[PDB]
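Report on one structure; see the data block that follows.
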Amino acid sequence: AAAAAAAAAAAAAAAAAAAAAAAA
Amino acid sequence: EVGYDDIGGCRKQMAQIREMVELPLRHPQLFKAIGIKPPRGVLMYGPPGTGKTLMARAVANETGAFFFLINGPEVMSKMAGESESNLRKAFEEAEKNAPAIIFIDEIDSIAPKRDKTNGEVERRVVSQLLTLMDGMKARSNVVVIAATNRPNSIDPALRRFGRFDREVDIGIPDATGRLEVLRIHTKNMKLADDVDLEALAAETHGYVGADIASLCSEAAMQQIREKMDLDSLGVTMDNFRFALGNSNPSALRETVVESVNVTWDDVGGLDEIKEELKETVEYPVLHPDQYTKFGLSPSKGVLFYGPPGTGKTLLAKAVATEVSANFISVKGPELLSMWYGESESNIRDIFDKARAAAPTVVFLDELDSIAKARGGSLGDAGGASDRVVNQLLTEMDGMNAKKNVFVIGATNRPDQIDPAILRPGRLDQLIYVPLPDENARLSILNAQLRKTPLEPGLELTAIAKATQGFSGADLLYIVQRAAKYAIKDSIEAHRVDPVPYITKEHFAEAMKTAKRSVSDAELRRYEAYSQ
Amino acid sequence: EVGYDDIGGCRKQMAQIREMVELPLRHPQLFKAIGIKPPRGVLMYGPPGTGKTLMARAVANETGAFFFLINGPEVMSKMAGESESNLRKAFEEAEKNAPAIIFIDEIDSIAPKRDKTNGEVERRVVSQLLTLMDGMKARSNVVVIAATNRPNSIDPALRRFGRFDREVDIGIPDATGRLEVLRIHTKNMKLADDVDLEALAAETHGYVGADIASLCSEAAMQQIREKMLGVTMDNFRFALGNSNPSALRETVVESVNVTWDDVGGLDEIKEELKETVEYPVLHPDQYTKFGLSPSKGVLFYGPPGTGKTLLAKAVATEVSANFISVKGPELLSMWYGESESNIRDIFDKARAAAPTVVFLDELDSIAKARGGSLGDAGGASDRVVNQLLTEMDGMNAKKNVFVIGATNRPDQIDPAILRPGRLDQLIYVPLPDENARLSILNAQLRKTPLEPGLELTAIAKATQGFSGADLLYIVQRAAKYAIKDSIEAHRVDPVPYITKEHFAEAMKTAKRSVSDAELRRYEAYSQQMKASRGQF
Ligand SMILES: Nc1ncnc2c1ncn2[C@@H]1O[C@H](COP(=O)(O)OP(=O)(O)O)[C@@H](O)[C@H]1O
Ligand SMILES: Nc1ncnc2c1ncn2[C@@H]1O[C@H](COP(=O)(O)OP(=O)(O)O)[C@@H](O)[C@H]1O
Ligand SMILES: Nc1ncnc2c1ncn2[C@@H]1O[C@H](COP(=O)(O)OP(=O)(O)O)[C@@H](O)[C@H]1O
Ligand SMILES: Nc1ncnc2c1ncn2[C@@H]1O[C@H](COP(=O)(O)OP(=O)(O)O)[C@@H](O)[C@H]1O
Ligand code: BEF
Ligand code: BEF
Ligand code: BEF
């Protein structure tokens, strides 16, 4: 009888990328 | 190099970008004598491929000022400070050479909404531009222009008076507005005397800035292909009609139709239906001056609600390859999705894309699965399915402008369609196609075959007066069963006739197995209206 | 290395890519003083497996120019930056050494549509590739060649005139295209000259070229495992069985027994199946000579147990066309939103086979005539009904896909699907009576041992109104008691055949699975259109 009308994506935290500060 | 004469299309928006980047630099005694300081550079937006990067090229040669090129993701570094240091050293570079212009290509890569993103270093980059364009004192004479195609994903703190003044929308050209874009993209090419560019502007609808440059590019390649069998050439419209087949879909690439065609002579019996369907499409496109003289909007909505088998879904294939308009196909419920957002946004991205390629004709086949609105929650039909109907109600008429889009609906049950769509403005031309009578049954068989020998000496009027109450699809079964036995009398050992001479002996057994599809009880449901 | 000889098997889509790259390089004197730039970006699309990534390696060694290779996720990296700088460092390397072609792969993975994904770097990679191809006086000497199997997933601002113009379709080769594939991958192999390859080109249809390489590789492993020298047709005949091409890998049908000899009596129904699925495949020139569309698939209805899905298995292992089996309401899903793509992807793979047949048994669970007329159950599931209505005939052109349906009653089937053009054959299989009841006992006892001559006419005289499944368990119970004396062989059964032994206890149990009141629903139609209506 009842059919689900949605999957409702609620997740996913993506990538990141760092910032390498040079040392000397 | 390019100039202002090498850029066509819009003209009222050409002057608003020339009075802002050239007029303060050439005529500076009008702003300090009266009024406030002159405005800064603007953000160009619109659909991709309208001449929005070529527009910033002509101001880099004709103005003569210092020009520096900055791309969006070109200013990136793995270091923490150099993500925004190259933007800071470039703005003071143009500040040393007064005046100067800076072009930021694809600024939406480095300026999204700050409240939507979370946990990045790009929020330092988008907050760098808020204090670099109009900071404490770092704005004297420099102007920064940009060209993007997505203004919605730009933060509202970047489009105020200090940084970006106007949102110029280089849109789709209109009649006697897309003639000048073709002439200056063909001037350097050698052409003959039989070419007529005014005939090309009426048959290029979605061709905006680059498809019209691809039409002259594909027709030039066809002249080289026929020349492979020093020497001068000349294009003579033999390859413009060849390149007009597939050169339109820059925005409508997802919804290309191929390659069905009936060439407006495979249909028969519907003499009054062909003239009614063609006049709703030929009038608002070929004669635009007659509609603005009367000041009334034309009729756009066509709906077919006849019984199944009379020729109603491939009737849209007749208007798919005959009239000069783009065709969008929706094959039933081919666009719903289980994501709660894409169920109705699939209605949204099709119609504005159709509104971009104006004029065009969409096709909504089998609307019984789309226009189910008044039943819910009825046990198994499922709730939250009326949102695709209410989105469809706001795209036929909605709150928009008259963009001359045409909607053709095909259904077999007129009682299951939503009555909110069944109104003028959305679907006004309701035409019922009946079964062909004995006078229309003579024009139904010669249009079906059209290439077969009809045994000269035979008559086809005996099938017209007989087999009463048969639809158009059942008469295709008779001419296929006769061709089924025609090849059955030719697959034997030929050591019979090397000719497709189908005789009356093949039609003798075809009338035996020919049956009626539409029943007598089913026919009374369409005749119960009598509107 | 591969070249222009190993790239064969296509002529229409091969000449479009040869004059796009090589011809501006080998003849630049006519492209000057003509006003038009040559096309600079090539992107091909189609089914995966047709060699869209092989053609870039073939034109790399033929033009003799500089070649660059870029993978899909090889550019993507952390430490933000260098996901765009690696794309910049490869275009400037190809900017020098003119001319220099560059091959970017997997455009379906990287650079998607902007407003349809959620990726932070993905808004920057899709726009850095834009300014690297048409920015501020760019596109001087580089030529970008792409290869993608999903063109709808890339950004719509990428298939424009400046970046990727003049699109090409690399589809499934069927109109005399499969034969040139077999002549390339066999000239390096040793083949015994005893068979022809002209008849082998029309054996399989759903092959993508890489599966044709799988067919010759299947016969190579069969040759070395039977000789544990060349190759012979008996190794390639083993490659025809359990073929399973990549376009139809989700559906398997090769699990049934042999056919064409188990059925019997229904000669006017078996010959009707031969004149529908063998005519457009074996003789395609006869339909183009008349210029008419061929007849579509069949529909079976009548008493249950008459032989309506074994006859559908008769067209599963005898004909050369493919098969896709759907076990009733298998394509129905619990989600509201999906609910059509399983109907679509079956017919999407069916039109890519060219040709094939599909089977939709138990159409009472599939048709469900009109949801507006039924309110007593509260179904109103007209979404999957209208999806099947626009896939068999539909809007697009026909590519010889036949649909076979098996049910019991046609009153619960929609009249919109009963019309010709989608399901034109409305044949009704009858009950056997005194003509078809003798040939079934010789067909279903073909590979079985028999005694010296026993009449089977008296079995047809006693069984009246019996269905085809009702004639089963009359001889199946005979083989049940034929192994009862084999248990008593202990201290070799000295009878390797079946004598009578059963009809005193098995023929007396005249079981009728179809009642007399249930048979009256089938004998009620009597299509009212008769013969003798020709001209005079
Ligand atoms: N009259 C015209 N005005 C502008 N661009 C034109 C015109 N005719 C052809 N074009 C071409 O259309 C394209 C549009 O350029 P532009 O809009 O700046 O690029 P993009 O769409 O990548 O942002 C360019 O390739 C340009 O040469
Ligand atoms: N004279 C005719 N006019 C139109 N269609 C015809 C004619 N004769 C045969 N046909 C066929 O009848 C069908 C009509 O298609 P359509 O009415 O859209 O489908 P349906 O009625 O099944 O929903 C097509 O396959 C078309 O080729
Ligand atoms: N007829 C054919 N033409 C070209 N390549 C073929 C053919 N048959 C098999 N191949 C080979 O099959 C492989 C498939 O290439 P390609 O279509 O790029 O693969 P995919 O699309 O699966 O990534 C290549 O090595 C190609 O040379
Ligand atoms: N001569 C025959 N023709 C068809 N089916 C037969 C025959 N002899 C036995 N059968 C049995 O009939 C069944 C297949 O016929 P079909 O009518 O398609 O079955 P279903 O009952 O699934 O509709 C199988 O169980 C098969 O063993
Ligand atoms: F040329 Be880009 F699209 F601004
Ligand atoms: F836009 Be109306 F409310 F249908
Ligand atoms: F298995 Be049958 F179609 F009932």
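Details
- Residue satisfying all of: in region C:123-139; of a type in the set (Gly, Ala, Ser) and closer than 14 Å to C:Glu95 by Cβ; farthest from the other protein chains (Cβ to nearest Cβ) among these: C:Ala138
- Residue in region B:368-376 that is out of contact with any strand residue (DSSP E or B) (no Cβ under 6 Å at 6 or more places or on another chain), more than 10 Å from every other protein chain (Cβ to nearest Cβ), acidic (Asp, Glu) and more than 16 Å from ligand 3 (Cβ to nearest atom) present: no
- Residue check: B:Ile478 meets all listed conditions (1) more than 11 Å from every other protein chain (Cβ to nearest Cβ); (2) β-branched (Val, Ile, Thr); (3) surrounded by 19 or more Cβ atoms within 10 Å (Cβ to Cβ) but one, namely (1).
- Close pairs from region B:212-230: first at positive phi, partner in a helix (DSSP H, G or I) and of a type in the set (D, E, K, R), Cβ under 6 Å, at least 6 apart: none
- Of residues in region C:110-164 being in contact with a helix residue (DSSP H, G or I) (Cβ under 7 Å, 6 or more places away or on another chain), outside any loop (DSSP other than H, G, I, E, B) and among the small types (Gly, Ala, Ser), the one surrounded by the fewest Cβ atoms within 10 Å (Cβ to Cβ): C:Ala147
- Criterion: within 41 Å of the chain's Cα centre (by Cα), more than 23 Å from C:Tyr525 (Cα to Cα), part of a helix (DSSP H, G or I) and more than 8 Å from chain C (Cβ to nearest Cβ) - qualifying residue of B:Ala440, B:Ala464, B:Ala447: B:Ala447
- Checklist (1) of a type outside the set (A, V, I, L, M); (2) out of contact with any strand residue (DSSP E or B) (no Cβ under 8 Å at 6 or more places or on another chain); (3) within 11 Å of chain C (Cβ to nearest Cβ) applied to B:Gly398, failing item: (3)
- Only a single item in (1) surrounded by 21 or more Cβ atoms within 10 Å (Cβ to Cβ); (2) facing chain C (nearest Cβ under 9 Å); (3) outside any loop (DSSP other than H, G, I, E, B) is not met by B:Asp349, and it is number (1).
- Considering the conditions (1) more than 7 Å from chain B (Cβ to nearest Cβ); (2) over 22 Å from C:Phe68 (Cβ atoms), C:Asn152 is excluded by exactly one of them, (1).
- Filter result (more than 42 Å from the chain's Cα centre (by Cα) and surrounded by 12 or more Cβ atoms within 10 Å (Cβ to Cβ)) within region C:476-492: C:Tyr481, C:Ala482, C:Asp485
- On inspection, B:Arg18 qualifies as in a helix (DSSP H, G or I) and surrounded by fewer than 16 Cβ atoms within 10 Å (Cβ to Cβ).
- Checking B:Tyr45, B:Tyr4 one by one, the residue that is surrounded by 19 or more Cβ atoms within 10 Å (Cβ to Cβ) and not small (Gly, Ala, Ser) is B:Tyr45 and no other.
- Of everything listed in (1) touching an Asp or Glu at 6+ places or on another chain (Cβ under 8 Å); (2) of a type in the set (A, V, I, L, M); (3) surrounded by fewer than 16 Cβ atoms within 10 Å (Cβ to Cβ), the single unmet condition for B:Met79 is (1).
- Scan of region C:265-277 for residues that are of a type outside the set (D, E, K, R) and either within 20 Å of the chain's Cα centre (by Cα) or within 11 Å of chain B (Cβ to nearest Cβ) (or both), ordered by number: C:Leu273, C:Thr276, C:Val277
- Residues of region C:42-82 satisfying the condition of being over 40 Å from the mean Cα position of the chain (by Cα), farther than 21 Å from C:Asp6 by Cα and small (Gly, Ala, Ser): C:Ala80, C:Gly81
- In region C:305-396, counting only helices (runs of 4 or more DSSP H) that sit wholly within it, the ones holding 3 or more residues that are closer than 24 Å to B:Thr255 by Cβ and more than 10 Å from every other protein chain (Cβ to nearest Cβ) span C:341-351.
- Filtered residues of region B:56-69 (kept if within 29 Å of C:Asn86 (Cα to Cα) and either within 16 Å of ligand 2 (Cβ to nearest atom) or buried (at least 19 other Cβ atoms within 10 Å of the Cβ) (or both)): B:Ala56, B:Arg57, B:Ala60
- Out of B:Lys488, B:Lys484, sole residue that is at the interface with chain C (Cβ under 9 Å from one of its Cβ atoms), surrounded by fewer than 17 Cβ atoms within 10 Å (Cβ to Cβ) and closer than 18 Å to C:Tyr287 by Cα: B:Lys488
Table: residues versus (1) more than 19 Å from B:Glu282 (Cβ to Cβ); (2) in a helix (DSSP H, G or I); (3) within 16 Å of ligand 5 (Cβ to nearest atom).
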| site | (1), (2), (3) |
| --- | --- |
| B:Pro308 | yes, no, no |
| B:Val319 | no, yes, no |
| B:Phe327 | no, no, no |
| B:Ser377 | yes, no, no |
| B:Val389 | yes, yes, no |
| B:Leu393 | yes, yes, no |
| B:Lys402 | no, no, no |
| B:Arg413 | yes, no, no |
| B:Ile421 | yes, no, no |
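Conditions tested, residue by residue: (1) within 16 Å of ligand 4 (Cβ to nearest atom); (2) of a type in the set (D, E, K, R); (3) over 17 Å from C:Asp424 (Cβ atoms); (4) over 25 Å from the mean Cα position of the chain (by Cα).
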site: C:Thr259; (1), (2), (3), (4): yes, no, yes, no
site: C:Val263; (1), (2), (3), (4): yes, no, yes, yes
site: C:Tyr279; (1), (2), (3), (4): no, no, no, no
site: C:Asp285; (1), (2), (3), (4): no, yes, yes, no
site: C:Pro294; (1), (2), (3), (4): no, no, no, no
site: C:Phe300; (1), (2), (3), (4): yes, no, no, no
site: C:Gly305; (1), (2), (3), (4): yes, no, yes, yes
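- Residue in region B:276-287 that is in a loop (DSSP other than H, G, I, E, B), surrounded by fewer than 19 Cβ atoms within 10 Å (Cβ to Cβ) and under 24 Å from the mean Cα position of the chain (by Cα) present: yes
- The lone exception for C:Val401 - which of (1) touching a helix residue (DSSP H, G or I) at 6+ places or on another chain (Cβ under 6 Å); (2) facing another protein chain (nearest Cβ under 7 Å) it fails: (2)
No Cβ is skipped: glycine too gets one built from the backbone with ideal geometry, and neighbour counts run over all protein chains shown. Computed from the coordinates by the stated procedures, all read-outs in this text should not be read as laboratory data.
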